[PDB]
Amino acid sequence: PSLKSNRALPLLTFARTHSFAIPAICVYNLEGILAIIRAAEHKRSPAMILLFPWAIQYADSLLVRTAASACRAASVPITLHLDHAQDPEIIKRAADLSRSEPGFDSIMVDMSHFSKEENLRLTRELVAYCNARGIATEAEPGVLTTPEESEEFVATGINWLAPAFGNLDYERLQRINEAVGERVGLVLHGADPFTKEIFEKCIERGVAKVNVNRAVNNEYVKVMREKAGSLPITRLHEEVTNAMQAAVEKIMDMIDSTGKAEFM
């Protein structure tokens, strides 16, 4: 209800009902933001741009605000997610950007590194903090994720859940899905090396959001390793962005997000 106008939620619910997954791309820079936005507009695909707490450590609100207004100006649904936020203070600080100027649409409240009772308790409290500001939330039931553990995390108020199942244990996956896939969206982590077939089986069994980092960002690293000092700076920027954009477009085709924005 405080989430009634949240832009991030329709993406996963739509993906789940239309048997595809949203590409959720971790980026560290403006070149990454551009690559995602170009890929998505070009493949008529929805997307998410994901930032780590480091983006705020490093640039205060600047990467956040820029990514936010870039996705909102986009011609396909693109929203902004804080990935793997493991400190309560940085979650609240990120969430505070929404009491302006757009900030995050969703935050992964990742308390998985805490003891499970303290994980549960913190998650609940930070989720309530983000929801008060209009912000959707994802959590990790972090030893693998049982269907029982998943239901405990549903109770905290998360919107999406990031199960541990070898990422592979597909039997474990659909059991999680049958138990909780009606109350929360499912999020796949460690997707960087996966193939179409793995993505297909993950999607059939509930995945509506696929996190990617190295598969895209390694393209940025390859160009700089190979071309820095040899290409002018402007050209390096163009080349890293093209390389990253191409990598995002592949993922969009692998997870059937290509074309889907037409119907959203």
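Residue numbers here begin at 1 and follow the sequence given.
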item	value
Residue 142 to residue 143: deposited residues without atomic coordinates	10 or more
Unresolved deposited residues lying between neighbours residue 100 and residue 101	1 to 3
Higher-scoring stretch by recorded Cα B factor average, 86-94 or 154-162	154-162
Higher-scoring stretch by recorded Cα B factor average, 145-153 or 106-114	145-153
Given 198, 62, 48, 233, the residue at which the Cα B factor reaches its maximum	198
Most elevated Cα B-factor in the entry, residues 72, 175, 81, 133	175
Where the record places residue 41 (Cα B-factor, split into thirds across the chain)	middle
Chain third (lowest, middle, highest) by recorded CA B-factor, residue given as residue 55	lowest
Record-listed C-alpha B factor of residue 223: chain third	middle
Modelled-residue ranking by C-alpha temperature factor, third containing residue 191	highest
Residue 184 - Cα temperature factor, lowest/middle/highest third of chain	highest
